[PDB]
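Engineer: Below are the C-alpha cells for one structure; questions will follow.
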Amino acid sequence: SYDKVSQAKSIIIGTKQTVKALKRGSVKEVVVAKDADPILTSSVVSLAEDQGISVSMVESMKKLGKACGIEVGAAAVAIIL
RNA sequence: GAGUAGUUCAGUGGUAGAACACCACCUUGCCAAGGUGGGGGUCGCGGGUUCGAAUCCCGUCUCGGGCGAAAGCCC
RNA sequence: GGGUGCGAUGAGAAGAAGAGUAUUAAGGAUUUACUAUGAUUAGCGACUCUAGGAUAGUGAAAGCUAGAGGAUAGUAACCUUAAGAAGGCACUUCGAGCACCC
Ligand SMILES: [Mg+2]
Ligand SMILES: [Mg+2]
Ligand SMILES: [Mg+2]
Ligand SMILES: [Sr+2]
Ligand SMILES: [Sr+2]
Ligand SMILES: [Sr+2]
Ligand SMILES: [Sr+2]
Ligand SMILES: [Sr+2]
Ligand SMILES: [Sr+2]
Ligand SMILES: [Sr+2]
Ligand SMILES: [Sr+2]
Ligand SMILES: [Sr+2]
Ligand SMILES: [Sr+2]
Ligand SMILES: [Sr+2]
Ligand SMILES: [Sr+2]
Ligand SMILES: [Sr+2]
Ligand SMILES: [Sr+2]
Ligand SMILES: [Sr+2]
Ligand SMILES: [Sr+2]
Ligand SMILES: [Sr+2]
Ligand SMILES: [Sr+2]
Ligand SMILES: [Sr+2]
Ligand SMILES: [Sr+2]
Ligand SMILES: [Sr+2]
Ligand SMILES: [Sr+2]
Ligand SMILES: [Sr+2]
Ligand SMILES: [Sr+2]
Ligand SMILES: [Sr+2]
Ligand SMILES: [Sr+2]
Ligand SMILES: [Sr+2]
Ligand SMILES: [Sr+2]
Ligand SMILES: [Sr+2]
Ligand SMILES: [Sr+2]
Ligand SMILES: [Sr+2]
Ligand SMILES: [Sr+2]
Ligand SMILES: [Sr+2]
Ligand SMILES: [Sr+2]
Ligand SMILES: [Sr+2]
Ligand SMILES: [Sr+2]
Ligand SMILES: [Sr+2]
Ligand SMILES: [Sr+2]
Ligand SMILES: [Sr+2]
Ligand SMILES: [Sr+2]
Ligand SMILES: [Sr+2]
Ligand SMILES: [Sr+2]
Ligand SMILES: [Sr+2]
Ligand SMILES: [Sr+2]
Ligand SMILES: [Sr+2]
C-alpha cells in the first residue's frame, strides 16, 4: 500500500538500510516492490518473514520511492514504528 | 598548395623525428596517474637524376583554390 | 530561480585499506640494461671490430642491415637512515543530494 508508506511516522528507505533495520527489529511494517530485482528482494523478505513481521508486495519501485519522499524510487522500504 | 606512425605535427639531397596514443615491467583487489623500457614508416603510386631522394625532375591517383572557349596551365 | 546529467540497484561524508608503497633528499654498493659523448686535418656524415651488402667524391678507416666488444659520466634495478604522498571502483558506519552551465 502506497498510502501507508506516504503516511506513517517513522520510515526508512533503501534495501541495505532496511535489512540493517531488520537487524534490530525496531520495524513495524515492511514494504517491498515486485518489479525490483529478486536478488535484492528475496534477501529482505526472507529475514522479514523469519522475524514474523508482515511482508507486503507492491507493483512499481518508482512510485514507492515517490511515496517515500525520494525522487528516484526505492526497491524496499520499511516503516519503523 | 595539400598527401609523412593510431592522432596532431616537424623534417630547407645523408636510410624517418617528437608529443600524445599502443604494448611490457613496476603493480594481485580492480582502474587512473606516475616512472622506466619497445614497436611502428611503398613518406599516395611508378619511373628519372644521384653514391644516396621524404627532399630535385617527369608521369600519375586523391583533395582545395585560381586562370581558361576548351585542351590544358598555375598555387 | 532556471537548463542539462546522475542518484536509495546508495547522492554525499568520514573511516579503513592503498603504505611507511611510489617517490624526494643524504649515503652505501660498483655488476646489468637505456641514453649521451669519441683529438687534430680532408669530410654533410666516423667509438672499435666482424659478416654481408655498395663505393661518386673525401678519408688511415664511411652512411644500410645483422651481430660482437670497449672506457667517461647521466640514469633506472638492489641496500641504510631521516622524511613520504596521492584520485575513482570494491569494503565499513552515516543516508539525499552532487557535478557542469547562466
Ligand atoms: Mg608514523
Ligand atoms: Mg616511524
Ligand atoms: Mg647511487
Ligand atoms: Sr614543390
Ligand atoms: Sr605538389
Ligand atoms: Sr596513414
Ligand atoms: Sr608543411
Ligand atoms: Sr637511421
Ligand atoms: Sr609491444
Ligand atoms: Sr603486489
Ligand atoms: Sr601507465
Ligand atoms: Sr616513453
Ligand atoms: Sr609493435
Ligand atoms: Sr620509437
Ligand atoms: Sr621508412
Ligand atoms: Sr606528388
Ligand atoms: Sr621512388
Ligand atoms: Sr615512368
Ligand atoms: Sr636508380
Ligand atoms: Sr612529383
Ligand atoms: Sr609540365
Ligand atoms: Sr611520362
Ligand atoms: Sr581543380
Ligand atoms: Sr576548378
Ligand atoms: Sr570559367
Ligand atoms: Sr614546382
Ligand atoms: Sr537549480
Ligand atoms: Sr536537476
Ligand atoms: Sr536520459
Ligand atoms: Sr561516495
Ligand atoms: Sr574517500
Ligand atoms: Sr591516511
Ligand atoms: Sr642527492
Ligand atoms: Sr660512491
Ligand atoms: Sr651483483
Ligand atoms: Sr672537420
Ligand atoms: Sr667533427
Ligand atoms: Sr654523430
Ligand atoms: Sr662504423
Ligand atoms: Sr655507444
Ligand atoms: Sr667489407
Ligand atoms: Sr672507397
Ligand atoms: Sr682515397
Ligand atoms: Sr650496430
Ligand atoms: Sr655507470
Ligand atoms: Sr628506498
Ligand atoms: Sr533533487
Ligand atoms: Sr545570465
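Residues in the C-alpha cells are numbered from 1 in each chain, the chains being A, B, ... in the order shown, and ligands are numbered from 1 in the order shown.
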Quick one: residues within 12 Å of stretch 54-58 of chain B, only C-alpha atoms (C1' of nucleotides), excluding same-chain residues fewer than 6 positions away - as a list in words?
Structural biologist: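 Contacts, with the query itself left out: residues 3, 4, 10, 11, 12, 13, 14, 15, 16, 41, 43, 46, 47 and 48 of chain B.
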Engineer: Select the residues contacting ligand 13 at a distance of at most 12 Å, based on only C-alpha atoms (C1' of nucleotides) and all ligand atoms, then format the selection as a ChimeraX atom specification.
Structural biologist: /B:5-6,22-24,38-40
Engineer: What does the list of residues within 10 Å of ligand 5 look like if you count only C-alpha atoms (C1' of nucleotides) and all ligand atoms, written as a ChimeraX atom specification?
Structural biologist: /B:1-3,75
Engineer: Which of chain A end up as strand (DSSP E) when DSSP is run on this backbone - answer as number ranges by chain?
Structural biologist: A: 11-13, 29-33, 55-58, 76-79
Engineer: Keeping only N, CA and C atoms, write the selected residues as a short mmCIF file (atom, residue, chain, number, x, y, z; two decimals), in the first residue's frame.
Structural biologist:
data_model
loop_
_atom_site.label_atom_id
_atom_site.label_comp_id
_atom_site.auth_asym_id
_atom_site.auth_seq_id
_atom_site.Cartn_x
_atom_site.Cartn_y
_atom_site.Cartn_z
N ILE A 11 9.85 6.02 8.91
CA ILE A 11 10.14 5.16 7.76
C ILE A 11 11.65 5.08 7.51
N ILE A 12 12.05 4.14 6.66
CA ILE A 12 13.45 4.02 6.25
C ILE A 12 13.55 3.55 4.80
N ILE A 13 14.41 4.20 4.02
CA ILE A 13 14.47 3.97 2.58
C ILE A 13 15.75 3.26 2.14
N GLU A 29 6.42 -2.30 9.94
CA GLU A 29 5.92 -2.79 8.66
C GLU A 29 7.03 -2.82 7.61
N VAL A 30 6.95 -3.77 6.68
CA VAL A 30 7.92 -3.83 5.58
C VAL A 30 7.22 -3.82 4.23
N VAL A 31 7.60 -2.87 3.38
CA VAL A 31 7.01 -2.73 2.05
C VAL A 31 8.05 -2.93 0.96
N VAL A 32 7.84 -3.94 0.11
CA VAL A 32 8.80 -4.27 -0.94
C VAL A 32 8.14 -4.26 -2.32
N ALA A 33 8.87 -3.77 -3.32
CA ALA A 33 8.36 -3.72 -4.69
C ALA A 33 8.56 -5.04 -5.42
N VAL A 55 4.83 -8.83 5.51
CA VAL A 55 5.52 -8.55 4.26
C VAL A 55 4.54 -8.19 3.15
N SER A 56 4.67 -6.97 2.62
CA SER A 56 3.81 -6.51 1.55
C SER A 56 4.55 -6.47 0.21
N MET A 57 3.80 -6.59 -0.88
CA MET A 57 4.38 -6.56 -2.22
C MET A 57 3.64 -5.56 -3.11
N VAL A 58 4.36 -4.55 -3.59
CA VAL A 58 3.75 -3.53 -4.44
C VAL A 58 4.26 -3.61 -5.88
N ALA A 76 13.12 -1.47 -1.65
CA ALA A 76 12.47 -1.89 -0.41
C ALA A 76 12.53 -0.80 0.65
N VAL A 77 11.40 -0.60 1.33
CA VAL A 77 11.28 0.46 2.33
C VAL A 77 10.50 -0.03 3.54
N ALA A 78 11.03 0.22 4.73
CA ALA A 78 10.40 -0.25 5.96
C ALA A 78 9.90 0.88 6.85
N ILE A 79 8.66 0.74 7.32
CA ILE A 79 8.10 1.64 8.32
C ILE A 79 8.51 1.17 9.71
#
Engineer: Residues of chain A near chain C: apply a cut-off of 8 Å, count only C-alpha atoms (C1' of nucleotides), and supply the list as a PyMOL selection string.
Structural biologist: chain A and resi 13-15+70+72-75
Engineer: Counting only C-alpha atoms (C1' of nucleotides) and all ligand atoms, what residues are within 12 Å of ligand 25, given as an MDAnalysis selection string?
Structural biologist: chainID B and resid 66:70
Engineer: Sort by chain and increasing residue number a table of all residues of chain C within 12 Å of ligand 29, each with its closest pair of atoms and their distance in Å to one decimal, counting only C-alpha atoms (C1' of nucleotides) and all ligand atoms, and write it as CSV.
Structural biologist:
residue,atom,partner,partner_atom_place_in_ligand_line,distance
C:4,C1',ligand 29,1 (Sr),9.8
C:5,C1',ligand 29,1 (Sr),7.7
C:6,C1',ligand 29,1 (Sr),9.5
Engineer: Kindly export the residues of the current selection with N, CA, C and O atoms (P, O5', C5', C4', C3', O3' and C1' of nucleotides), as a PDB file, in the first residue's frame.
Structural biologist:
ATOM      1  P     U C   4      15.744  20.934 -19.624  1.00  0.00           P
ATOM      2  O5'   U C   4      16.977  20.085 -20.159  1.00  0.00           O
ATOM      3  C5'   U C   4      17.615  19.126 -19.332  1.00  0.00           C
ATOM      4  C4'   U C   4      19.075  18.992 -19.677  1.00  0.00           C
ATOM      5  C3'   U C   4      19.751  17.723 -19.186  1.00  0.00           C
ATOM      6  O3'   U C   4      19.512  16.608 -20.021  1.00  0.00           O
ATOM      7  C1'   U C   4      21.075  19.568 -18.591  1.00  0.00           C
ATOM      8  P     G C   5      18.860  15.281 -19.402  1.00  0.00           P
ATOM      9  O5'   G C   5      20.087  14.556 -18.691  1.00  0.00           O
ATOM     10  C5'   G C   5      21.268  14.259 -19.417  1.00  0.00           C
ATOM     11  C4'   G C   5      22.418  13.921 -18.503  1.00  0.00           C
ATOM     12  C3'   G C   5      22.134  12.903 -17.413  1.00  0.00           C
ATOM     13  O3'   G C   5      22.129  11.567 -17.875  1.00  0.00           O
ATOM     14  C1'   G C   5      23.306  14.723 -16.489  1.00  0.00           C
ATOM     15  P     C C   6      21.099  10.511 -17.239  1.00  0.00           P
ATOM     16  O5'   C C   6      21.665  10.256 -15.770  1.00  0.00           O
ATOM     17  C5'   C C   6      22.928   9.633 -15.585  1.00  0.00           C
ATOM     18  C4'   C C   6      23.475   9.833 -14.193  1.00  0.00           C
ATOM     19  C3'   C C   6      22.696   9.212 -13.048  1.00  0.00           C
ATOM     20  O3'   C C   6      22.872   7.812 -12.934  1.00  0.00           O
ATOM     21  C1'   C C   6      23.346  11.393 -12.450  1.00  0.00           C
TER      22        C C   6
END
Engineer: Could you report the residues within 9 Å of ligand 40, using only C-alpha atoms (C1' of nucleotides) and all ligand atoms, as a ChimeraX atom specification?
Structural biologist: /C:36-37,47
Engineer: Around ligand 19, which protein and nucleic acid residues have at least one atom no more than 12 Å from it, if we count only C-alpha atoms (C1' of nucleotides) and all ligand atoms? List them as a PDB file with N, CA and C atoms (P, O5', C5', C4', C3', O3' and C1' of nucleotides), in the first residue's frame.
Structural biologist:
ATOM      1  P     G B  47      59.553   1.820 -60.070  1.00  0.00           P
ATOM      2  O5'   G B  47      59.808   2.149 -61.605  1.00  0.00           O
ATOM      3  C5'   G B  47      61.016   2.761 -62.023  1.00  0.00           C
ATOM      4  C4'   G B  47      60.767   3.804 -63.080  1.00  0.00           C
ATOM      5  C3'   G B  47      61.914   4.769 -63.322  1.00  0.00           C
ATOM      6  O3'   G B  47      62.911   4.230 -64.166  1.00  0.00           O
ATOM      7  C1'   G B  47      59.912   5.989 -63.087  1.00  0.00           C
ATOM      8  P     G B  48      64.440   4.212 -63.680  1.00  0.00           P
ATOM      9  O5'   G B  48      64.938   5.695 -63.971  1.00  0.00           O
ATOM     10  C5'   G B  48      64.646   6.324 -65.210  1.00  0.00           C
ATOM     11  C4'   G B  48      64.920   7.803 -65.152  1.00  0.00           C
ATOM     12  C3'   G B  48      66.178   8.213 -64.408  1.00  0.00           C
ATOM     13  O3'   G B  48      67.351   8.054 -65.184  1.00  0.00           O
ATOM     14  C1'   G B  48      64.383   9.586 -63.730  1.00  0.00           C
ATOM     15  P     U B  49      68.715   7.573 -64.488  1.00  0.00           P
ATOM     16  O5'   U B  49      69.316   8.911 -63.869  1.00  0.00           O
ATOM     17  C5'   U B  49      69.453  10.079 -64.663  1.00  0.00           C
ATOM     18  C4'   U B  49      69.626  11.309 -63.811  1.00  0.00           C
ATOM     19  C3'   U B  49      70.708  11.230 -62.748  1.00  0.00           C
ATOM     20  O3'   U B  49      72.005  11.452 -63.267  1.00  0.00           O
ATOM     21  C1'   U B  49      68.740  12.116 -61.796  1.00  0.00           C
ATOM     22  P     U B  50      73.118  10.303 -63.150  1.00  0.00           P
ATOM     23  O5'   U B  50      73.580  10.377 -61.628  1.00  0.00           O
ATOM     24  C5'   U B  50      74.094  11.583 -61.088  1.00  0.00           C
ATOM     25  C4'   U B  50      73.995  11.607 -59.584  1.00  0.00           C
ATOM     26  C3'   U B  50      74.607  10.424 -58.854  1.00  0.00           C
ATOM     27  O3'   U B  50      76.017  10.496 -58.748  1.00  0.00           O
ATOM     28  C1'   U B  50      72.477  10.882 -57.952  1.00  0.00           C
ATOM     29  P     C B  51      76.895   9.176 -58.997  1.00  0.00           P
ATOM     30  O5'   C B  51      76.535   8.240 -57.759  1.00  0.00           O
ATOM     31  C5'   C B  51      76.863   6.859 -57.761  1.00  0.00           C
ATOM     32  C4'   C B  51      76.691   6.255 -56.390  1.00  0.00           C
ATOM     33  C3'   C B  51      75.323   6.439 -55.750  1.00  0.00           C
ATOM     34  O3'   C B  51      74.375   5.483 -56.192  1.00  0.00           O
ATOM     35  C1'   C B  51      77.000   7.018 -54.194  1.00  0.00           C
ATOM     36  P     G B  52      72.849   5.917 -56.444  1.00  0.00           P
ATOM     37  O5'   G B  52      72.367   6.479 -55.034  1.00  0.00           O
ATOM     38  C5'   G B  52      72.180   5.605 -53.932  1.00  0.00           C
ATOM     39  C4'   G B  52      71.873   6.359 -52.661  1.00  0.00           C
ATOM     40  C3'   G B  52      70.661   7.273 -52.694  1.00  0.00           C
ATOM     41  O3'   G B  52      69.440   6.574 -52.546  1.00  0.00           O
ATOM     42  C1'   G B  52      72.466   8.382 -51.645  1.00  0.00           C
ATOM     43  P     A B  53      68.193   6.916 -53.498  1.00  0.00           P
ATOM     44  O5'   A B  53      67.678   8.330 -52.971  1.00  0.00           O
ATOM     45  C5'   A B  53      67.398   8.537 -51.590  1.00  0.00           C
ATOM     46  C4'   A B  53      66.232   9.472 -51.383  1.00  0.00           C
ATOM     47  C3'   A B  53      64.906   9.003 -51.978  1.00  0.00           C
ATOM     48  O3'   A B  53      63.834   9.423 -51.134  1.00  0.00           O
ATOM     49  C1'   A B  53      65.515  11.081 -52.936  1.00  0.00           C
TER      50        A B  53
END
Engineer: DSSP says helix (DSSP H, G or I) for which residues of chain A? Put them as a PyMOL selection string?
Structural biologist: chain A and resi 2-6+15-22+38-51+62-68
Engineer: Residues of the last selection are to be written out with N, CA and C atoms, as a tab-separated table (two decimals), in the first residue's frame.
Structural biologist:
chain	number	residue	atom	x	y	z
A	2	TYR	N	0.75	2.04	-1.07
A	2	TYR	CA	1.49	3.29	-1.18
A	2	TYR	C	0.97	4.33	-0.18
A	3	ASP	N	-0.28	4.16	0.23
A	3	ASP	CA	-0.90	5.08	1.18
A	3	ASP	C	-0.25	4.97	2.56
A	4	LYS	N	-0.06	3.75	3.03
A	4	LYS	CA	0.54	3.51	4.34
A	4	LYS	C	1.99	3.98	4.39
A	5	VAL	N	2.65	3.99	3.24
A	5	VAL	CA	4.04	4.43	3.14
A	5	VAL	C	4.12	5.95	3.08
A	6	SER	N	3.26	6.55	2.27
A	6	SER	CA	3.20	8.00	2.14
A	6	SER	C	2.88	8.65	3.48
A	15	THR	N	17.26	-0.79	0.42
A	15	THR	CA	17.33	-2.19	0.81
A	15	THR	C	18.32	-2.46	1.94
A	16	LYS	N	19.54	-1.95	1.78
A	16	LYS	CA	20.60	-2.16	2.77
A	16	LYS	C	20.20	-1.62	4.14
A	17	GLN	N	19.64	-0.42	4.16
A	17	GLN	CA	19.23	0.19	5.42
A	17	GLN	C	18.00	-0.49	6.02
A	18	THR	N	17.18	-1.11	5.18
A	18	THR	CA	16.02	-1.85	5.68
A	18	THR	C	16.42	-3.18	6.30
A	19	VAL	N	17.42	-3.84	5.72
A	19	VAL	CA	17.90	-5.09	6.31
A	19	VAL	C	18.71	-4.79	7.58
A	20	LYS	N	19.45	-3.68	7.56
A	20	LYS	CA	20.15	-3.23	8.75
A	20	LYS	C	19.16	-2.85	9.85
A	21	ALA	N	17.99	-2.36	9.44
A	21	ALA	CA	16.93	-2.04	10.38
A	21	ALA	C	16.25	-3.32	10.88
A	22	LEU	N	16.26	-4.35	10.04
A	22	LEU	CA	15.74	-5.66	10.43
A	22	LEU	C	16.67	-6.31	11.44
A	38	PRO	N	14.88	-9.65	-7.88
A	38	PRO	CA	14.60	-10.65	-6.85
A	38	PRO	C	15.83	-10.97	-6.01
A	39	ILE	N	17.01	-10.74	-6.58
A	39	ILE	CA	18.27	-10.96	-5.87
A	39	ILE	C	18.37	-10.02	-4.68
A	40	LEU	N	17.68	-8.89	-4.77
A	40	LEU	CA	17.72	-7.87	-3.73
A	40	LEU	C	16.48	-7.93	-2.84
A	41	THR	N	15.40	-8.48	-3.38
A	41	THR	CA	14.12	-8.56	-2.66
A	41	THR	C	14.03	-9.79	-1.76
A	42	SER	N	14.44	-10.94	-2.30
A	42	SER	CA	14.40	-12.19	-1.54
A	42	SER	C	15.20	-12.09	-0.25
A	43	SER	N	16.32	-11.38	-0.33
A	43	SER	CA	17.22	-11.20	0.80
A	43	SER	C	16.55	-10.48	1.97
A	44	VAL	N	15.61	-9.59	1.67
A	44	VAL	CA	14.92	-8.85	2.72
A	44	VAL	C	13.62	-9.53	3.15
A	45	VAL	N	12.92	-10.16	2.20
A	45	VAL	CA	11.67	-10.85	2.55
A	45	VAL	C	11.93	-12.12	3.35
A	46	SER	N	13.12	-12.70	3.19
A	46	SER	CA	13.50	-13.88	3.96
A	46	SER	C	13.58	-13.53	5.45
A	47	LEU	N	14.39	-12.52	5.76
A	47	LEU	CA	14.57	-12.08	7.14
A	47	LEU	C	13.28	-11.49	7.70
A	48	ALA	N	12.52	-10.81	6.84
A	48	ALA	CA	11.24	-10.23	7.25
A	48	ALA	C	10.25	-11.32	7.68
A	49	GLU	N	10.11	-12.34	6.84
A	49	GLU	CA	9.21	-13.45	7.16
A	49	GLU	C	9.72	-14.26	8.34
A	50	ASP	N	11.04	-14.32	8.49
A	50	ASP	CA	11.65	-15.07	9.59
A	50	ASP	C	11.41	-14.37	10.93
A	51	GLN	N	11.39	-13.04	10.91
A	51	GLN	CA	11.18	-12.26	12.12
A	51	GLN	C	9.73	-12.34	12.58
A	62	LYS	N	9.27	2.79	-8.43
A	62	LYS	CA	9.37	4.23	-8.66
A	62	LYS	C	8.34	4.99	-7.84
A	63	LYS	N	7.09	4.56	-7.93
A	63	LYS	CA	6.02	5.17	-7.16
A	63	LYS	C	6.21	4.92	-5.66
A	64	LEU	N	6.94	3.86	-5.33
A	64	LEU	CA	7.27	3.56	-3.94
A	64	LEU	C	8.15	4.66	-3.36
A	65	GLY	N	9.28	4.90	-4.02
A	65	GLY	CA	10.20	5.95	-3.61
A	65	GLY	C	9.54	7.31	-3.69
A	66	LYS	N	8.62	7.46	-4.63
A	66	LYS	CA	7.85	8.69	-4.76
A	66	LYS	C	6.97	8.89	-3.53
A	67	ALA	N	6.47	7.78	-2.99
A	67	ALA	CA	5.65	7.83	-1.79
A	67	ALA	C	6.50	8.02	-0.54
A	68	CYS	N	7.77	7.64	-0.63
A	68	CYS	CA	8.69	7.79	0.50
A	68	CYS	C	9.23	9.21	0.62
Engineer: What residues have any atom no more than 10 Å from ligand 12 when counting only C-alpha atoms (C1' of nucleotides) and all ligand atoms, and can you list them as a ChimeraX atom specification?
Structural biologist: /B:35-38
Engineer: Would you output that residue set with N, CA, C and O atoms (P, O5', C5', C4', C3', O3' and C1' of nucleotides), as a PDB file, in the first residue's frame?
Structural biologist:
ATOM      1  P     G B  35      56.494  10.333 -15.496  1.00  0.00           P
ATOM      2  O5'   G B  35      57.947  10.070 -14.902  1.00  0.00           O
ATOM      3  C5'   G B  35      58.132   9.827 -13.516  1.00  0.00           C
ATOM      4  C4'   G B  35      58.840   8.518 -13.281  1.00  0.00           C
ATOM      5  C3'   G B  35      59.652   7.990 -14.448  1.00  0.00           C
ATOM      6  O3'   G B  35      60.916   8.621 -14.565  1.00  0.00           O
ATOM      7  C1'   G B  35      58.356   6.238 -13.526  1.00  0.00           C
ATOM      8  P     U B  36      61.746   8.517 -15.935  1.00  0.00           P
ATOM      9  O5'   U B  36      62.474   7.107 -15.819  1.00  0.00           O
ATOM     10  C5'   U B  36      62.793   6.354 -16.977  1.00  0.00           C
ATOM     11  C4'   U B  36      62.852   4.880 -16.672  1.00  0.00           C
ATOM     12  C3'   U B  36      63.110   3.975 -17.863  1.00  0.00           C
ATOM     13  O3'   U B  36      64.483   3.902 -18.201  1.00  0.00           O
ATOM     14  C1'   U B  36      61.300   3.123 -16.611  1.00  0.00           C
ATOM     15  P     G B  37      64.956   4.206 -19.704  1.00  0.00           P
ATOM     16  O5'   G B  37      65.205   2.760 -20.318  1.00  0.00           O
ATOM     17  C5'   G B  37      64.607   2.378 -21.545  1.00  0.00           C
ATOM     18  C4'   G B  37      63.988   1.007 -21.453  1.00  0.00           C
ATOM     19  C3'   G B  37      63.420   0.453 -22.749  1.00  0.00           C
ATOM     20  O3'   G B  37      64.406  -0.116 -23.589  1.00  0.00           O
ATOM     21  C1'   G B  37      61.827   0.189 -21.037  1.00  0.00           C
ATOM     22  P     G B  38      64.424   0.240 -25.154  1.00  0.00           P
ATOM     23  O5'   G B  38      63.146  -0.513 -25.732  1.00  0.00           O
ATOM     24  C5'   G B  38      62.961  -1.908 -25.518  1.00  0.00           C
ATOM     25  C4'   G B  38      61.890  -2.476 -26.417  1.00  0.00           C
ATOM     26  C3'   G B  38      62.050  -2.151 -27.900  1.00  0.00           C
ATOM     27  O3'   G B  38      61.586  -3.261 -28.666  1.00  0.00           O
ATOM     28  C1'   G B  38      59.973  -1.326 -27.130  1.00  0.00           C
TER      29        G B  38
END
Engineer: Could you please extract the residues within 10 Å of ligand 27, counting only C-alpha atoms (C1' of nucleotides) and all ligand atoms, and hand them back as a PDB file with C-alpha atoms (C1' of nucleotides), in the first residue's frame?
Structural biologist:
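This went into pocket06.pdb:
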ATOM      1  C1'   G C   1      15.213  30.588  -9.558  1.00  0.00           C
ATOM      2  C1'   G C   2      16.277  28.213 -14.394  1.00  0.00           C
ATOM      3  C1'   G C   3      18.873  24.351 -18.332  1.00  0.00           C
TER       4        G C   3
END
Engineer: Please find the residues contacting ligand 38 at a distance of at most 10 Å between atoms, with only C-alpha atoms (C1' of nucleotides) and all ligand atoms counted, and report them as JSON, numbers by chain.
Structural biologist: {"C": [37, 38, 45, 46]}
Engineer: Kindly export the residues of the current selection with C-alpha atoms (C1' of nucleotides), as a PDB file, in the first residue's frame.
Structural biologist:
ATOM      1  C1'   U C  37      79.762  11.548 -25.870  1.00  0.00           C
ATOM      2  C1'   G C  38      84.716   9.598 -29.077  1.00  0.00           C
ATOM      3  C1'   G C  45      78.431  12.489 -42.038  1.00  0.00           C
ATOM      4  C1'   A C  46      83.324   8.162 -38.022  1.00  0.00           C
TER       5        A C  46
END
Engineer: For ligand 21, which of B:31, B:63, B:74, B:9 is the closest residue, counting only C-alpha atoms (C1' of nucleotides) and all ligand atoms?
Structural biologist: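 Of the candidates, the smallest distance to ligand 21 is held by B:74.
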Engineer: Please report the interatomic distance between atom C1' of residue C:29 and atom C1' of residue C:80 in Å with one decimal.
Structural biologist: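 Calculated distance between atom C1' of residue C:29 and atom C1' of residue C:80 is 11.0 Å.
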Engineer: For residue C:75, please output as a PyMOL selection string all residues within 10 Å (counting only C-alpha atoms (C1' of nucleotides); exclusion window: fewer than 2 positions along the same chain).
Structural biologist: chain C and resi 34-35+73
Engineer: Could you take the residues named above and write them with N, CA, C and O atoms (P, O5', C5', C4', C3', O3' and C1' of nucleotides), as a PDB file, in the first residue's frame?
Structural biologist:
ATOM      1  P     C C  34      70.513  -1.542 -24.103  1.00  0.00           P
ATOM      2  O5'   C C  34      69.814  -0.120 -24.244  1.00  0.00           O
ATOM      3  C5'   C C  34      68.413   0.016 -24.073  1.00  0.00           C
ATOM      4  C4'   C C  34      68.069   1.342 -23.445  1.00  0.00           C
ATOM      5  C3'   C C  34      68.853   2.534 -23.966  1.00  0.00           C
ATOM      6  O3'   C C  34      68.353   3.030 -25.193  1.00  0.00           O
ATOM      7  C1'   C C  34      68.837   2.581 -21.608  1.00  0.00           C
ATOM      8  P     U C  35      69.366   3.383 -26.389  1.00  0.00           P
ATOM      9  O5'   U C  35      69.682   4.927 -26.169  1.00  0.00           O
ATOM     10  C5'   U C  35      68.643   5.838 -25.848  1.00  0.00           C
ATOM     11  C4'   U C  35      69.166   7.006 -25.051  1.00  0.00           C
ATOM     12  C3'   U C  35      70.441   7.644 -25.574  1.00  0.00           C
ATOM     13  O3'   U C  35      70.214   8.526 -26.657  1.00  0.00           O
ATOM     14  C1'   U C  35      70.639   7.302 -23.249  1.00  0.00           C
ATOM     15  P     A C  73      82.957   8.022 -14.297  1.00  0.00           P
ATOM     16  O5'   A C  73      82.100   9.120 -13.522  1.00  0.00           O
ATOM     17  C5'   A C  73      80.694   9.211 -13.698  1.00  0.00           C
ATOM     18  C4'   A C  73      80.331  10.276 -14.702  1.00  0.00           C
ATOM     19  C3'   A C  73      78.872  10.699 -14.728  1.00  0.00           C
ATOM     20  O3'   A C  73      78.559  11.642 -13.719  1.00  0.00           O
ATOM     21  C1'   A C  73      79.612  10.305 -16.935  1.00  0.00           C
TER      22        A C  73
END
Engineer: Produce as a list in words the set of residues near ligand 3, where near means within 12 Å with only C-alpha atoms (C1' of nucleotides) and all ligand atoms considered.
Structural biologist: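 Every residue with an atom at most 12 Å from ligand 3 is listed here: residues 26, 27, 28, 29, 30, 74, 75, 76, 77, 78 and 79 of chain C.
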